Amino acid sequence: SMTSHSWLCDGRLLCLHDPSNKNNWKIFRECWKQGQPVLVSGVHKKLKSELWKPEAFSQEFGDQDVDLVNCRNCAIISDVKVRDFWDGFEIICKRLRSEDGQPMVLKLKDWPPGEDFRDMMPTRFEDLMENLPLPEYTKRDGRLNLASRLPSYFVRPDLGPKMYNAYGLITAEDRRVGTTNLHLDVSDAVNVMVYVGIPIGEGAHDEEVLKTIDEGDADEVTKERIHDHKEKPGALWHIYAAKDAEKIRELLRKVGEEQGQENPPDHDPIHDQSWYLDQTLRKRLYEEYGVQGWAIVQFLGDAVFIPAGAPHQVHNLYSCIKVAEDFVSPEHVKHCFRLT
């Protein structure tokens, strides 16, 4: 039977089932006011799938100049063509190689650049913005989006959306690396998975994907969604409550000191965007500081809602295309205020 919603994370995470249901706000606003993230499934079925394929991005935009990042070591690959990223998205033998001769795990940095998404891709902009869930919160002019309504005493988000494109992490050593390292945003965000690639060349690495989800602390009902094999898994997220951010800073100051970093007692390891919390660090956070997070597997068509101030990290299981929009809900406007 079709149902309005379900629970993941043992009852701690709302999962809405119908992205365009006009009654979603009633269930949503009770969880959102408590500082929880929310998942909405099925957004891919609302979109024009031919607009979100890696081959179309390569054909239409392949000649633009860009920088990439090597996810394994943070090295920057400067001033290459965007087709050099897209043509290796799914075919491993076509990826740029490190000195060791291995194909690299790459992230495409700042593309489309700054606020240029709408001008560069007007048809993609329309398809995404017209199908975002919770539209009173997420649309630029929604009644519960204060972004366009606040004075300069508040940090306002840039005009979006922003596109996040990166290969999947592959090996046992890769399990300790982030696609996006631990950080926080002063605005709310909605992040939609519009394309996932489960490919070949080295296609048979489902076994390391299982171990990553399991060691990532994913719940049995998410474990049931994985092993059902109906839907495409994309990325593993860890999100933490905004109220826990300082305890996370204390853990990362102590670890930086144990690893012989030389850091002033006040420095901000979350703002630095330099850490990924692996299984060891997540267990230490829980045991030594009392802090529990949400381990979320984002499948094709899942929209993840991230509360303002909430620290969060992302680990791609396969090659992903994500598109995110920032907004300012009344529940969380304190997080962007410039005084006290």
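Rigid core (definition): largest C-alpha set, two forms, superposition within 1.5 Å. When you see a residue number, it is the position in the sequence shown, counting from 1.
- Displacement analysis by core superposition in 9 other deposited structures of this protein ranks 195-203 above the other of 195-203 and 151-159 in root-mean-square C-alpha distance from the shown form.
- With every structure aligned by its rigid core, 219-227 is the stretch of 219-227 and 236-244 whose CA positions lie farther away in 9 other deposited structures of this protein.
- Higher mean CA temperature factor between 292-300 and 42-50: 42-50, per the PDB entry.
- Here the stretch with the larger average CA B-factor, out of 177-185 and 212-220, is 212-220.
- Set against one another, the Cα B-factors of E246, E136, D87, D228 in the record reach their highest point at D228.
- For the set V192, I239, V82, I198, the PDB entry puts the maximum C-alpha B factor at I198.
- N165 sits in the lowest third of its chain by CA B factor, as recorded in the PDB entry.
- When the modelled residues of the chain are ordered by their C-alpha B factor, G203 lands in the highest third.
- Split the chain's modelled residues into thirds by C-alpha temperature factor. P269 is in the middle one.
- In the PDB entry, a CA B factor belonging to the lowest third of its chain's modelled residues is recorded for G234.
- Remark: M129 belongs to the highest third of its chain, ranked by C-alpha B-factor as recorded.
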